[PDB]
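As structure tokens, one chain now follows by itself in the form deposited in one PDB entry.
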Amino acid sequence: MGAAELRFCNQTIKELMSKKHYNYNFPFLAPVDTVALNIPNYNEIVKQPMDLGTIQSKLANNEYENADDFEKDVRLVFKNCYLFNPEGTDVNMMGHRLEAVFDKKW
């Protein structure tokens, strides 16, 4: 990825993970802990799990060849959120509001 595009992806993922947005990013900072959350059906429902911490790692390890691949993974976090968490639930609302932060920056 180009240098300026890489810098912008890094700024974007750090913005999404920052404590400034803790109230709506905390469920998405690390892979879903299906044992701690008692959700064995998460792996049966969500076939391509993704989280912000994994995206940050993939970025640092040169696994996004352009910004579009980076965006696809960010969108996947929210797609999985809306699939597993029904509309109206607390985590679903957090996904909507964090994706709005991404839309504004991106």
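When you see a residue number, it is the position in the sequence shown, counting from 1. Just so we're on the same page, rigid core means the largest C-alpha set that superposes within 1.5 Å between forms.
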Entry B factor averaged over C-alpha atoms, 73 to 81 against 28 to 36: higher for 28 to 36
As the entry reports it, the stretch among 15 to 23 and 91 to 99 with higher mean C-alpha B factor is 15 to 23
Quick tally, chain-level thirds of C-alpha B-factors: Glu44 sits in the highest
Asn66: C-alpha B-factor third of its chain, per the entry, is the highest
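Unshown form deposited in another entry; subsequent notes refer to it.
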**Report entry** C-alpha of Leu37 moved at least 2 Å between the shown form and the other one on rigid core
**Finding:** yes
